[PDB]
Amino acid sequence: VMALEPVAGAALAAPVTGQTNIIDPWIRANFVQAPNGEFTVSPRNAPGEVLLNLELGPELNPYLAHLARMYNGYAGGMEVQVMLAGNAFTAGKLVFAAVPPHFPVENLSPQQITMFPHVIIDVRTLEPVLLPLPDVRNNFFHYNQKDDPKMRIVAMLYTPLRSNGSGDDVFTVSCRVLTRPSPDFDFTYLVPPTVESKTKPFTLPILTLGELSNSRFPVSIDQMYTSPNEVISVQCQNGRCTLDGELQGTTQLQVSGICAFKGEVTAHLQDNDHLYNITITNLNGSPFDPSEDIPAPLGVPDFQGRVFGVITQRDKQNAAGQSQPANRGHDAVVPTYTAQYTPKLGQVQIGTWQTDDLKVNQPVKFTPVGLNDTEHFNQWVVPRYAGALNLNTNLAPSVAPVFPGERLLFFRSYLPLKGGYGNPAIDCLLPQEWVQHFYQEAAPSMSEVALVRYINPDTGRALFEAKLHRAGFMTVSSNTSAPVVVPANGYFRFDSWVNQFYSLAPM
Amino acid sequence: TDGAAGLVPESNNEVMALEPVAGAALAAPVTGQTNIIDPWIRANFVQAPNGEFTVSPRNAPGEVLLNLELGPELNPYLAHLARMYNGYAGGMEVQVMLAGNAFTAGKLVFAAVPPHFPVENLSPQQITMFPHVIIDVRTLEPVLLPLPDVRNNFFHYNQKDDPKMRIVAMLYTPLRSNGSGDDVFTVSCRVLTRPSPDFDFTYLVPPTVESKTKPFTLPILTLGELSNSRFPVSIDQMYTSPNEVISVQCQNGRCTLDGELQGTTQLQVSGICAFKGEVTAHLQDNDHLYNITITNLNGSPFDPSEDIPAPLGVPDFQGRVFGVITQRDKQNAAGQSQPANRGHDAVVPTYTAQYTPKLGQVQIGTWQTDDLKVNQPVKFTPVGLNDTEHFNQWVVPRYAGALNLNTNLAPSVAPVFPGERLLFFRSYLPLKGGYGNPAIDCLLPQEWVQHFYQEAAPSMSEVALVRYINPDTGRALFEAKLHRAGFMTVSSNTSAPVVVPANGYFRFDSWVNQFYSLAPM
Ligand SMILES: [Zn+2]
Ligand SMILES: [Zn+2]
């Protein structure tokens, strides 16, 4: 067994806390499977590969993770149970170590894991083994708000697997990890339920692909499309929101505010076409301070191109008709690649085909429809938000799939044109409804990667799986670039929090 | 007992369901000294600095009337003792006296909230999910509450990064009354504290060195000794806000009670409505106009990328400020190498497009006296206003002209309790010519700004309760609310000069919150 002395639990925290609470005795007996508690050992693995990397806390047991939203703190350890699935005609060994709180586990040697409290178990063992996970700390108990590191338990391949195969498929030992609370685990102080943050679990909304919408243009979603070979690292400015609910770049919450602006008209020129320089405010009606940390006012376009839309004008003063002001609305185009599109400075220029009906010094409102033509349409180039004479500052960071053999997963939506030839599309990372749900919930991220699975509703089985990152993008494990053929009435389901080393099943 | 005729409840028989929590004896093997406290302070109830609060018919049910964090600053003897120690561990004992009239009817609820729980959005039924006790406002004998110091470490330090066990009061009924007369039956309540037997200090340090333990004090200065903080004159009288003015924004004379200067405020009395620079231009209209590249008031170049709306000390209202500009030559033309000097009248219009002091330019004027050198240093000394044309003191000028926005402004301030208006300090300004009697109202005197900057004491609440004391009579005239943003409000219905003796002063009474009903003037 692991050489560990007994560590105190919540009875140490008795004279500094006020309520003496208990829980259900049936939860203290049943062994519940850990959320990331499964791994398989293969003949392809090498010694020194980490397999579990578990950690102490109430997030292992989904009964304690539901009871934790009623209390103020906790203290105590757990009991781990490891099962294997092998037979007598095999060979190979595994090791299970006990790692302290502030010790960094980063690419350890197979020799160096024997310098911990460890057990070495063969892969032939018939009975499930029991390991202790104690609560080492330097205080009396843990708070549900202030998070601090805890004791981990780490599995590692010690000796490679030797067996003889059956056919075109090789033998494989599958392992499961189940936990239950120790007799000294306890909670501390009853509060109102579901009031404190930091205990709210991360979820996804149950909305199918036909009911969601794009986050970079106000068009519905058409299909899912994996990223091409020459696209490896994108950087957009709309549809950016982390899983904790922090809006980055020029991302806002309303669907209608995407590629939309509002303000007054100041200038008029007519070299060939009508120009109409326009000063802009925010989308609520406040004067835009140009020294804000944002790159631009929220909801301006974020790609090069010629956005075709309708601009309407409603004048302030009542000219006629018994005090009802006049209206006008025409087509226009905003080009985003020129040196006139400077929304950080506060000027956006439009273009109207031979229609001189737009009165100056009366406020307007732009409503986008589609593109003018496919000329200068690059959907992965950030425009110069200040024109020349200044560089782009304080953007969202670039995102990229770092795992070998993984591509980005986009949401494709086709687009109308004014005239010409082409079938263009705008790809986004997350839908707008996911952005709104992440902003309203604001649940914390326990890890850096989350695991989701696409669900077909009539069978209830998974079609593929992807990795949802903290920065707000998804990656799949595929080797081609093609639209994903799935039923349209499907959705994603959140499964667990994983590491950066989880290998997806090939798509 | 016998004086009340059985008309009121005599005692409350209800406890909070809390466990005995350890104190400073748990912390003994890891601390240094474990100092002790005088036994008279241990056994006598003394009024807390959060002592006073009232229940009124203006209060809605569900308002937080009291929010006491645990600390040594809950006792006025321990708050003086705690300025020479390093830490503490242990609880307190709180006593609430709320013996109201026999005709009223209302109830209060007191609950115990854990350390890391949010208290900002409690409903009246969420407060019953804690260990609570319900007390009506007619009980004769005072009630006793615990405050047991729940923590997850051995003791505390004087740092501000550990939340502590709180007590929270809430109004639970509407405070009705069935007296026959239309007379004020507003209940006055008091809070009295003393330390628990399991309370101790930790480690002797130099006294009054650390922050986080300095107490808030007011200076004893009469109204005849105060000075205006928006214009370099003396304060004449106090004057309530009119019914048209509901919120103000004036970047000079602004300082929080914690000791933070906001807007373009500074400390020097002579630097209000004054600047300093170099003449760079000459404009020959009917009047003579000049352009001045202004610097800071100490003699350093003004960087426009600073986090301020303007250089500190510029005028902060629309009008035409009248003063005297003077020149002293950087070179020596004559007289044993002594420089020559010129000094003439001036006028600074601040509502036009030529008053952009954030960009660096302030344009002045002199009438029919074009005797002013170029590329020589200047200084402006304000006297008053030349005419009341375009004079509005509650509009902030554009510090970068037209086609730009004001940045890093101080926030606007307004009263929120019903029936209350603002209380100003009014001084009357001289004019050059015309008919008028203008006035500039400030939120705070300049001496209070300097005192709050020198003390830098923390605030234990949002509002402080002060009273105006007449020292020859020994009787209080009125009371007011001093807010943490740096402004005072009174409870009145008119707009008139407050007629008081000019040798009276304000006296700091207690810390209150924003639901305190002031007495009507
Ligand atoms: Zn034109
Ligand atoms: Zn001249």
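Residues numbered from 1 in each chain as written, not as in the entry; some residues may be left out. Chains lettered and ligands numbered in written order. Part of a larger assembly, values for the part shown. Heavy atoms only, no water.

### Considering the pattern of salt bridges
Residue and element names in this part refer to chain A. What counts, and what does not: Take a side-chain nitrogen of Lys or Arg and a carboxyl oxygen of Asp or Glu: if they are within 4 Å of each other, that pair is a salt bridge. Numbered from the N terminus, helices here are DSSP runs of H or I no shorter than four residues, and strands are runs of E no shorter than two. For the exposure calls, accessible area comes from a 1.4 Å probe over protein chains only, and a residue counts as buried if that area is under 20% of its type's maximum, exposed if over 50%, partly exposed in between.
The final tally for this structure, using the stated rule, is 32 salt bridges over all chains. Between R328 and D357 there is a salt bridge, with the nearest N and O atoms lying 3.2 Å from each other. Here the residue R328 occupies a position in strand β16 (residues 327-335), and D357 occupies one in the loop between β17 (347-348) and β18 (363-371), the gap between them amounting to 29 residues. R328 gets classed as buried once you look at its relative accessible area, which sits at 18%.

### A short note on the coordination of the zinc ion (ligand 1)
Note the cut-off: Each metal site is built from N, O and S donor atoms within 2.8 Å (3.2 Å for Na, K and Ca), and since water is not included, such sites may look incomplete.
The zinc ion (ligand 1) binds to the protein through A:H268 (NE2) and A:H274 (ND1), with metal-donor distances spanning 2.0 to 2.1 Å. Note on A:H268: relative accessible area 44%, which makes it partly exposed.

### Details of the interface of chain A and chain B
Short version of the rule: Residues count as neighbours in contact if any of their non-hydrogen atoms are within 4.5 Å of one another. In this description, buried area is defined as the sum, over both parts, of the accessible area (probe of 1.4 Å) that is lost when the two are combined. Definition of a polar contact: a pair of N or O atoms within 3.5 Å, with one able to donate and the other able to accept a hydrogen when the atoms are protein atoms, and with sequence-neighbouring residues admitted only if both atoms are side-chain atoms.
Taken together, the contacts link 24 residues of chain A with 26 residues of chain B. A combined buried area of about 2200 Å² lies between chain A and chain B, and 66% of that area is made up of carbon and sulfur atoms. Our count for the contact surface shared by chain A and chain B stands at zero salt bridges. For the interface between chain A and chain B, the tally reads five residue pairs in polar contact.

### Topic: the UniProt feature "binding site: Zn(2+) 1" (unreviewed entry) in chain B
All names here are of chain B. Put simply, the rule reads: UniProt positions are given in the numbering used here, feature names are shortened, and annotations may be inferred rather than shown by experiment.
In the numbering used here, UniProt assigns the "binding site: Zn(2+) 1" (unreviewed entry) feature to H282, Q284 and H288. Tracing the backbone through its elements, the reader meets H282 in the loop between β15 (276-279) and β16 (283-284). Note on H282: relative accessible area 48%, which makes it partly exposed. Excluding residues within four positions of it along the chain, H282 makes contact with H288, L289 and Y290. Looking at where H288 falls in the secondary structure, it is placed in strand β17 (residues 288-294). By relative accessible area, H288 is classed as buried at 4%. Excluding residues within four positions of it along the chain, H288 makes contact with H282, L283, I364, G365, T366, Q368, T369 and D370. A polar atom in the side chain of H288 sits 2.6 Å from the side chain of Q284.

### Observations regarding the packing of aromatic side chains
Describing an aromatic ring pair means giving the distance of the ring centres and the angle of the ring planes. The condition that has to hold: Each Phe, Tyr or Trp ring (for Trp, its six-membered ring) is paired with any other whose centre lies within 6.5 Å, and the angle between the two planes then decides the class: stacked below 30 degrees, edge-to-face above 60, tilted in between. Throughout this description, the term charge over a ring refers to an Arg CZ or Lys NZ atom that lies within 6 Å of the ring centre and within 35 degrees of the ring normal.
Within this structure, the stated rule accounts for 40 aromatic pairs over all chains. Arranged with centres 5.6 Å apart and planes meeting at 85°, the rings of B:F199 and B:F201 form a pair that is edge-to-face. Residue B:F199 shares its accessibility class with B:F201, and that shared class is buried. Among the aromatic residues, those joined into a cluster by ring pairs are A:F202, A:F411, A:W434, A:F438, A:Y454, A:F464, A:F492, A:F494 and A:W497. The side chain of A:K418 reaches across the aromatic face of A:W353, ending 4.0 Å from its centre. One residue, A:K467, lies across the ring of A:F403, its end atom 4.9 Å from the ring centre.

### Some points on the domain arrangement of chain B
Residue and element names in this part refer to chain B. Heads up, the rule is: What fixes the domain bounds is an automatic or database domain assignment.
Entries for chain B in the domain assignment read domain 1 (1-214), domain 2 (215-271 + 387-521) and domain 3 (272-386). Between the C-alpha centres of domain 2 and domain 3 the distance comes to 29 Å. On the side of domain 3, 34 residues touch domain 2, which itself brings 37 residues to the contact. Across the domain 2/domain 3 interface, buried area totals approximately 3000 Å², and carbon plus sulfur atoms make up 59% of it. Among the ionic pairs, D387 bridges to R320, the shortest N-O distance being 3.0 Å. There are 12 residue pairs in polar contact connecting domain 2 and domain 3.

### Comments concerning the coordination of the zinc ion (ligand 2)
Residues and elements named next belong to chain B. Protein coordination of the zinc ion (ligand 2) is provided by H282 (NE2), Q284 (OE1) and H288 (ND1), with donor distances spanning 2.0 to 2.2 Å. Each donor residue of the zinc ion (ligand 2) belongs to the same chain, and together they define the spacing H-x1-Q-x3-H. Exposure remark for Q284: the relative accessible area of 51% places this residue in the exposed category.

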